[PDB]
Amino acid sequence: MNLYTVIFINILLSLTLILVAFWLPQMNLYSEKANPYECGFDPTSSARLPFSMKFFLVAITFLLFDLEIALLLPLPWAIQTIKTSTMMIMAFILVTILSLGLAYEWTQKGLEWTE
Amino acid sequence: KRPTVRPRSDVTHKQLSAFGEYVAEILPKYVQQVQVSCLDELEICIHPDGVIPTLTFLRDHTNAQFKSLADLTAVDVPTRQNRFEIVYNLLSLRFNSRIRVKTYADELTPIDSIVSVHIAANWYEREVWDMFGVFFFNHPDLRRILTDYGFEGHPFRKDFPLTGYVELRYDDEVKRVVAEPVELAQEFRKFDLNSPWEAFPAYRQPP
Amino acid sequence: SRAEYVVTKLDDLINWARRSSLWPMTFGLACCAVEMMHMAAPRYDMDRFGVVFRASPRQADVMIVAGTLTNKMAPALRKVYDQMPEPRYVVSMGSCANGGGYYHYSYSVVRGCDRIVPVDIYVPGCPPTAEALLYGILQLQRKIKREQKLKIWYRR
Amino acid sequence: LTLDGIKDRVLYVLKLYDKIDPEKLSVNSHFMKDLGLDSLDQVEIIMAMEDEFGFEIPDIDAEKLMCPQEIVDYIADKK
Amino acid sequence: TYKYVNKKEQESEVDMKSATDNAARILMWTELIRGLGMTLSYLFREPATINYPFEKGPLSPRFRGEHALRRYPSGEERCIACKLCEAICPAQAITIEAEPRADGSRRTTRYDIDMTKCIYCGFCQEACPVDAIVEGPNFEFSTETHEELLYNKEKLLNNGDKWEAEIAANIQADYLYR
Amino acid sequence: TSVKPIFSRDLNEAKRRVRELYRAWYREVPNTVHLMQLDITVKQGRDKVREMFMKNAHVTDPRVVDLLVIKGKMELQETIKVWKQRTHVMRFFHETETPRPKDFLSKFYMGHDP
Ligand SMILES: CCCCCCCCCCCCCCCCCC(=O)OC[C@H](COP(=O)(O)OCCN)OC(=O)CCCCCCCCCCCCCCCCC
Ligand code: SF4
Ligand code: SF4
Ligand code: SF4
């Protein structure tokens, strides 16, 4: 209950700050002020267009590596087991296969960005 | 020997004159009025049909390796019918020598570009167009370079007023920067400074 | 416990904040930007006064027009100023910005930034000694010391 | 192809130009003499046609397209 | 003559010691620790920051700041409306209108300087043949209004009557170098 | 009477170029009133295009026409691309320039100008 309490207290602190930031000061709104900023001149287009990504393969790979991390995290418990040889072998196999996949990606130039 | 005057060597004069004879007799179809100055500088005047051939020869030829385009200018002389005197100053690193090539143009008489020869001339020719109104041919992107985006006129023309024809300000009514005809609080003061006594009799113009 | 006295003290506080924290904008056009830098340098430490160059107009409080303002650049200057949030002050640095200066009679110069934006303080020089630009910053600090906004609201 | 609906769309675009007076408008009226037009207000009409039927057409032709009937025939020949 | 900056590299000879040294450099971040050490050294140095506006930056007599019209020790004005100052002022900031003063002397009625046009070049005080117009040392003359920066004869005369004790000494110091 | 031609060996080819340019401008106006957020209609823009075109209708030398078309294409480039802002576009309309009258008598009442 205490965690809920603290987190809600923080929500309320932030929201109070934002309220008194949006309602305390004097405002003077007009279009030339509320318009987007592109270094003094007018945008040539919208920022809602495809912004190509050159590390898409690395992001995809990051997904699988995050999963491998999820599978590595139970080790603190897996080391309390009687079958220690099995845990050792499985952890070594997992990390080695992970490293081999990374090495194949590296060599085939996946970690390098499309230009 | 005299400490105020400037030491003068004729060796460079001779070198540049010989090379001028070289250029004149190797490009007769284009060359006009080669000349060398008291200060050691070579000036080769040509017909504009010869721009690209002349510059390519001076860049690629072995005894002439002027392959750095220092500058590219124009000069308005409203007197002559072909006002604009286009100038090509060049440099040879192999011979540590310079040279200047000149042509002539008009408001309605364009010449050819040399970006095929010297890529340095893209912006210089854009500048000539923006400032004097000379149009170049086969230019990749010939637009304005220095003037405003909607500027009318070619300001370096002697006929263009120093202060222009318009003037900018901000108007709250429209909430924009607008252009209004010029109106000055202090008018530029024209000083007549030329002395009425001949100063250099070596340049006297006979009547 | 007069409300007028309380309001005067509150306004003193408001101005103290907006004054001891003046974040200008990285907006330098010509030579005078060099003296701006030099005023950011050790000998004259800006941050010592609370001054900090923020590059976004949406975060800045003042803009120093540090050099010549051409007709091709005036729209961008007015746009940036417009994009700065009130309270916003302006400082004209040099003779180019005040009245065009050495290029007053040119076809591509606005004879004063005060035509495009409203100016609070004028710093003369070509270029103004960084010491002079600092003198101007402090002159601005005092001008802010004398805003008296809430007193006006209470008198309305 | 269809010289009947083509002509309907064409006279429609003409009426929609809104620079001419329908009194002297027909299927063979002359843009310049009959309706009192010039080069650019004919360019505009031919471009309105380009829009209507979508098929982009040269100027070498849009210049000779000087009456609604010529438009009809050009639309028919190309489409 | 010439020298190479990044061609020093010669043919490759490698030992175990060299390999291990480069490895330690690459693994322990040797070269970055040195920048850290430099920044540390600077923390324990005396800052060059002066305490403005109490202690101020140095200057020299030749400093050319605010303009002022001087006088002879008798109180008479030094200007004679010769107009070299406005004839050379490359910003066309000076404006002069002369007229015979009642006593017959050649003096000015108008002497205006748009200090928004002055580039503070000093040509006017080296052109003045009577050391009348000078560019004083004052640089702390900022304003809240553009109009205040358009000086006339009275303003410059008052400045001269305000800084003479300093202008005269700086002149006395610098006038042999000219 | 004999000179070098820039592009057009006669006024008809120059007119072809002028018409191409008119089409380009007529097609572009809407995209730039949309993009630049101009506060005018699409008809005002095309009327202004036509007026700026007629401003030089009197020319008869094909070289002047070719150079005018070059300048117009330069401007159309500056506009298709947004290199120029709504400021430079509305400069064409002169929304603030007090319109000097062509009546001799008003010109007489205000100033010595003819
Ligand atoms: C029997 C033993 C069994 C146990 C096995 C372990 C044995 C010991 C192995 C020791 C290995 C050394 C420690 C590993 C960390 C260093 C990793 C590394 O070397 O990365 C180097 C990397 C590349 O550097 P680069 O010169 O560009 O070379 C590129 C390759 N050609 O560049 C870098 O990664 C570094 C650049 C980072 C720059 C960011 C700023 C760094 C700031 C430095 C602060 C230092 C303060 C440290 C404070 C720590 C306190 C918590
Ligand atoms: S006032 Fe002088 S120093 Fe400042 S930008 Fe202009 S020319 Fe440069
Ligand atoms: S210092 Fe130079 S620019 Fe300034 S008033 Fe004197 S001559 Fe003119
Ligand atoms: S140069 Fe000196 S004496 Fe001559 S007009 Fe100027 S201020 Fe007066």
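Coordinate-derived values only; no laboratory data. Neighbour counts run over all protein chains shown; Cβ positions are idealised from the backbone, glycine included.
Just for the protein assembly as shown, what percent of DSSP beta bridges are antiparallel, to the closest 5?
Antiparallel bridges: around 70 percent, rounded to the nearest 5.
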The exposure ranking of E:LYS8, B:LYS67, D:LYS79, fewest beta-carbon neighbours within 10 Å first, is E:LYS8, D:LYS79, B:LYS67
Which residues qualify? For B:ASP71, with a placed amide H closer than 5 Å and at least 5 residues away or on another chain, they are B:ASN89
Per DSSP loop assignment and a cutoff of at most 16 other beta carbons within 10 Å, chain F keeps its longest run without exposed trypsin sites (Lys or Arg not before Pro) at F:10-54
Cβ density ranking, 10 Å radius, fewest first, applied to C:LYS145, E:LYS155 yields C:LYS145, E:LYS155
At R0 = 22 Å the Cβ-Cβ FRET efficiency linking A:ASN28 and C:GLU4, nearest 0.05, sits at 0.25
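How far, in nm, would the chain grow between E:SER105 and E:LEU59 when pulled straight, counting 0.36 nm per residue and subtracting the alpha carbon separation?
Separation in residues times 0.36 nm, less the Cα-Cα distance, equals 12.8 nm.
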Once both label points are put 7 Å beyond Cα along the C-beta direction, the D:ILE60-B:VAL174 separation in nm becomes 4.3
Quick calc, F:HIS58 & D:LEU25: beta-carbon distance into FRET formula, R0 35 Å, rounding 0.05, result 0.70
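Could you work out the local net charge near E:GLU148, counting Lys and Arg as +1, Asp and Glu as -1, over the other residues with Cβ closer than 12 Å to its Cβ? Mind showing how you got there, number by number?
On the way: positive: E:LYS155; negative: E:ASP114, E:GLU144, E:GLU147.
Around E:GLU148, the surrounding residues sum to -2.
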The answer for the net charge of residues other than E:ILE80 whose Cβ lies under 9 angstrom from its Cβ, with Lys and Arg +1 and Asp and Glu -1, is +2
Here the percent of antiparallel bridges among DSSP beta bridges lying wholly in chain C, to the nearest 5, is 10
Once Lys and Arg are counted +1 and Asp and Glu -1 for all other residues with Cβ under 10 Å from that of B:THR12, the total becomes -1
So, with points 7 Å from each Cα along the Cβ direction, the B:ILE26-B:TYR165 label distance in nm works out to 4.7
Distance in Å, no decimals, from the C-alpha centre of the range B:115-181 to the one of the range D:6-79 is 39
Per-residue Cβ contact counts at 10 Å, fewest first, order A:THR61, E:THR20 as E:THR20, A:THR61
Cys residues of chain E with no disulfide-compatible partner (no other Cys Cβ under 4.7 Å) are E:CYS79, E:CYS82, E:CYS89, E:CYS118, E:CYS121, E:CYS128
